[PDB]
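Chemist: Sharing a structure here in structure tokens format.
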Amino acid sequence: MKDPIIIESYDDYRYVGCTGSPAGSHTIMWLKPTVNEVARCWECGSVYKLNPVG
Ligand SMILES: [Zn+2]
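As structure tokens, then:
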């Protein structure tokens, strides 16, 4: 929940899709960090972050 993984957004509130890793580890699933915030998986359990990017 610091800064684990980056999802390049261009919106403040956008979703993510992971499969665990670039190495295809689990299924596919969908989360949403926010510019201020973070979000956790349930399959890999990785936390993911949004960026302030415009
Ligand atoms: Zn995952």
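Residue numbers for the sequence shown, in the deposited numbering: 94 to 147.
For each residue, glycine too, the CB sits at the ideal point set by N, CA and C.
Specify the secondary structure class of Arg-107 as computed by DSSP and reduced to three states.
Modeler: To locate residue 107, count along the sequence shown from 1; it is residue 14. Coil at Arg-107, not helix or strand.
Chemist: Quick check on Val-109: buried or exposed, where buried means 16 or more other Cβ atoms within 10 Å of its Cβ?
Modeler: As a first step, residue 109 is located in the sequence shown; it is residue number 16 there, counting from the start. Looking at its Cβ environment, which holds 16 or more other Cβ atoms inside 10 Å, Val-109 is buried.
Chemist: With DSSP as the reference, label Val-140 as helix, strand or coil.
Modeler: Against the sequence shown, residue 140 aligns to sequence position 47. Looking at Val-140 - three-state DSSP - the assignment turns out to be strand.
Chemist: Are there any heavy atoms of ligand 1 lying less than 7 Å away from the beta-carbon of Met-94, as far as the coordinates show?
Modeler: As a position in the sequence shown, residue 94 is number 1, starting the count at 1. Checking the Cβ of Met-94 against ligand 1 gives no.
Chemist: Quick one: residues with CB closer than 7 Å to any heavy atom of ligand 1, in chain order, please.
Modeler: The set, ordered by position in the chain, is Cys-111, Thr-112, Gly-113, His-119, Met-122, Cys-134, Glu-136, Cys-137 and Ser-139.
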